[PDB]
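Visitor: Under the entry's author numbering, the residue at position 179 of the sequence shown is numbered 185, and the numbers go up by one with no gaps.
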Amino acid sequence: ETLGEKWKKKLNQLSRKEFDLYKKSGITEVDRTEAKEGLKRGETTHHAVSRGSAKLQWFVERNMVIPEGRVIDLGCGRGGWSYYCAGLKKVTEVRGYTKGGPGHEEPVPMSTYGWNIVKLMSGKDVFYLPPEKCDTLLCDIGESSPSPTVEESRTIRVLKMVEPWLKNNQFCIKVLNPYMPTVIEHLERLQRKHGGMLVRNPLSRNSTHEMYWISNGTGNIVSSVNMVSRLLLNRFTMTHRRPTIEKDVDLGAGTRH
Ligand SMILES: C[S@@+](CC[C@H](N)C(=O)[O-])C[C@H]1O[C@@H](n2cnc3c(N)ncnc32)[C@H](O)[C@@H]1O
Numbered sequence: 007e008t009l010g011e012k013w014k015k016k017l018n019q020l021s022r023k024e025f026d027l028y029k030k031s032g033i034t035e036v037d038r039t040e041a042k043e044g045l046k047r048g049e050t051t052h053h054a055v056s057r058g059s060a061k062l063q064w065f066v067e068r069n070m071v072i073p074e075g076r077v078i079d080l081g082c083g084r085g086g087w088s089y090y091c092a093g094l095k096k097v098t099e100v101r102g103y104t105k106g107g108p109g110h111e112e113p114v115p116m117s118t119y120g121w122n123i124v125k126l127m128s129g130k131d132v133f134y135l136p137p138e139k140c141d142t143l144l145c146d147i148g149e150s151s152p153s154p155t156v157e158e159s160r161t162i163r164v165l166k167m168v169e170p171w172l173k174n175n176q177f178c179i180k181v182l183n184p185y186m187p188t189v190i191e192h193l194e195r196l197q198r199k200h201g202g203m204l205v206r207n208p209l210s211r212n213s214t215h216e217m218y219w220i221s222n223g224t225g226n227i228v229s230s231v232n233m234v235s236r237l238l239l240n241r242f243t244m245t246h247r248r249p250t251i252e253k254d255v256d257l258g259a260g261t262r263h
């Protein structure tokens, strides 16, 4: 049994109180108060539509994925990754796909900087989408469950779905459950063919073991995964540490050339 699986069982043992104290212990998170207030008033400039704009920003500002050209955003939800990429100088097109409907977030229209190169499309199940030419492949799909075997299957399905989109392009792909042995085997095969590394984002909650497979990096996958399981296990053992609060992103306004 893996370190990750032991973490999961401990997480499933927690009360809602213990869980709520645990999920943010020691993490980093952005302050959404201003954005939530302005979005509630219908403002369409400056605000990120979700915490996701800041999450992708963390990887980009570290050169782990460098978005360029035609960007595909699989599972875009409200659009936080798509709107963020739309303001980056090398990006020329952003196409987001998400399921919508009951249980799922719908794209939110915005006029943040570069909005004119974004098209977000709801009613799209990516597991039925034919792959398209693109220079950056982004994917943030993976629903948590209390069952890690369910999570194993959802993770493997995503990795099998993304591979035909990958053709010597930039990428950032969520790996919901990276500690199950079968997932490891797949990731190791994928890194051999397409390179990259798995990376833990500091803005991810302790309630998920998600890691992101990014195109610009090298490293040992098993080692990076076990380090996260050790980190998440250690955070059970202490009284809640309040999260390191950071400033949310300002996505600006206006068209781009
Ligand atoms: C964590 S959210 C992504 C957030 C987004 N990156 C942002 O910045 O706001 C994951 C999204 O994937 C969508 N999703 C889940 N399964 C999907 C599927 N099979 N096809 C398309 N979208 C899916 C969910 O509805 C959800 O909106």
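All C-beta atoms in this analysis are idealised placements derived from N, C-alpha and C, irrespective of residue type, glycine included.
With a threshold of 7 Å, establish whether the CB of residue 91 neighbours any heavy atom of ligand 1.
Guide: Here residue 91 is taken as the residue at index 85 of the sequence shown, counted from 1. Outside the cutoff, so no.
Visitor: Quick check on this structure: which residue in 220, 194 and 119 has the alpha carbon closest to the alpha carbon of residue 67?
Guide: Taking the sequence shown and counting its residues from 1, the one referred to as residue 67 is at position 61. Nearest of 220, 194 and 119 to residue 67, Cα basis: 220.
Visitor: Can you round the beta-carbon distance between residue 218 and residue 9 to whole angstroms, since I take them to be within the 8 Å contact cut?
Guide: Along the sequence shown, read from residue 1 onward, the residue named residue 218 stands at position 212. Along the sequence shown, read from residue 1 onward, the residue named residue 9 stands at position 3. Between residue 9 and residue 218 the Cβ distance is about 19 Å, and since that is not below 8 Å, they are no contact.
Visitor: Is the segment 7-26 close to the segment 237-252, with three or more CB pairs under 8 Å?
Guide: yes
Visitor: Would you call the segment 90-106 in contact with the segment 21-35, where contact means no fewer than 3 C-beta pairs closer than 8 Å?
Guide: no
Visitor: Buried or exposed for residue 170, going by 16 or more other Cβ atoms inside 10 Å?
Guide: The residue you call residue 170 lines up with position 164 of the sequence shown. Burial call: exposed.
Visitor: DSSP has residue 144 in a bridge; who is on the other side?
Guide: Against the sequence shown, residue 144 aligns to sequence position 138. 79 and 178, per the DSSP bridge assignment.
Visitor: In the DSSP assignment, what residue or residues form a beta bridge with residue 118?
Guide: The count along the sequence shown starts at 1 and reaches residue 118 at position 112. Residue 118 pairs with nothing; no bridge assigned.
Visitor: Kindly list the residues whose CB is nearer than 6 Å to the CB of residue 78, restricted to its own chain and excluding five residues on each side of it in sequence; keep chain order.
Guide: Within the sequence shown, residue 78 is the residue found at index 72, counting from 1. So the qualifying residues of the chain are 101, 140 and 143.
Visitor: In the structure shown, what three-state DSSP assignment does residue 164 receive?
Guide: In the sequence shown, counting from the first residue as 1, residue 164 sits at position 158. In this structure, residue 164 counts as helix in the three-state DSSP scheme.
Visitor: Return the first residue and the last residue of the beta strand (DSSP E) that residue 26 is part of.
Guide: Position 20 of the sequence shown holds residue 26. From DSSP, residue 26 is part of no beta strand (DSSP E) but of the alpha helix (DSSP H) over 22-29.
Visitor: Could you pull out every residue in the same chain whose Cβ sits closer than 7 Å to the Cβ of residue 145, ignoring the five residues on either side in sequence?
Guide: The count along the sequence shown starts at 1 and reaches residue 145 at position 139. Taken in chain order, the residues that qualify are 80, 81, 164, 168, 179 and 180.
Visitor: Residue 147: beta carbon under 7 Å from a heavy atom of ligand 1?
Guide: Within the sequence shown, numbered from 1, the residue matching residue 147 stands at position 141. Yes.
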